[PDB]
Amino acid sequence: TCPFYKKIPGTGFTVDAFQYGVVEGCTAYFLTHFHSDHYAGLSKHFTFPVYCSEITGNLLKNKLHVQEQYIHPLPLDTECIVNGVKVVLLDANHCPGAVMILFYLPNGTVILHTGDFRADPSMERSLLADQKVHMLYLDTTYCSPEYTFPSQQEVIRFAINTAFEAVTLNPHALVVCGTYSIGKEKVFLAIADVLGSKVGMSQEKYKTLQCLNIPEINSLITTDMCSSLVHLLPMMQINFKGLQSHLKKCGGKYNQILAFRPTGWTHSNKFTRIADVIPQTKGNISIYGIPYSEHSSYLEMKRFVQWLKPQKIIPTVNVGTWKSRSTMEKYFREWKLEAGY
Ligand code: NI
């Protein structure tokens, strides 16, 4: 059954609530983003209205086969009326097509649902600038001070420089990047760009990337593996076993692999700066774990909430243990005391 922190008081709306069968009283189901934890339950057999971004809508149609008549895309940054209620979709800085949803309730209440997000100072100049939020439904994935990691830009710099140096030293090296879901596309795109290559991949992954509205995409990606020196593979193949296997299929083209495994936060960020990171090596294979996060750091999340000044906060992640719940409530009170709201 659908939990409380996925319902929208005083509307017939839910958010990311597709795995609980028919929800009692729901006339419209919002989807924040095309990630399996959130879309879980949607298929060709779904027959209620689904409201989402255009990008999320292209994925629902082509990958999940949801019938066109039930897909309702909305533009960003635009006041829209749905079933008699004003709503706005805002860029969540998460994966392609991900949004936060602002709801203007009939009773004068204003609710912001962040879905999954990476808070950014640029959000302080969105349609949120105007106005008050009574309830904030917050992605608390990394709500503890120990969670630190670099900017996306620093991680991409590191990856571009590492791949360019290795390929310039050895024109016979192949670059491999691991993937599982959408998001983090900049890692393989930026590497392929610096090397003058298209990204090679499976037919299923090419199909997925074609739904994303990336300008110039036909020029950047291909299913012809033999013409590309940057290959995408499923994340679970990014190990010495998997990579050796892959290298045998390439027909004596390459004598080295350098591979990249994008992760979220790991404990090594406590101690090692991005510039100082080093790979795991076995023979002519090397594997770099890189901390490319699409969720807020603690510092990022704190800045956004202290700016927003919401009246109440309801966490949507780490809500399963008393200790987690308690710890989050303690941070929300410090932030409020420090900033004066
Ligand atoms: Ni997500």
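Heads up: numbering here begins at 1 and tracks the sequence. When reading the values below, keep in mind they use all heavy atoms of this one structure, side chains included, and skip hydrogens, waters and symmetry mates. When a ligand or atom number is given, it counts from 1 through the structure's own listing order.
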Joining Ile, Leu, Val, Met, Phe, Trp and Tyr whenever any side-chain heavy atoms lie under 4.5 Å apart, the cluster holding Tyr180 also takes in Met235
Single-linkage hydrophobic cluster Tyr206~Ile182, side-chain heavy atoms < 4.5 angstrom: yes
Tell me whether [X] is salt-bridged to [Y], with the criterion being a basic N under 4.0 Å from an acidic carboxylate O.
| X | Y | answer |
| --- | --- | --- |
| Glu294 | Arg118 | no |
| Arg333 | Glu338 | no |
| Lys302 | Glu334 | no |

Shell check on the Ni ion (ligand 1): protein N, O or S atoms less than 2.8 Å away are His33 NE2, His35 ND1, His94 NE2, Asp116 OD2
Test side-chain hydrogen bond (donor to acceptor under 3.5 Å, both in side chains), reference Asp16, set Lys6, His38, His33, output is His38
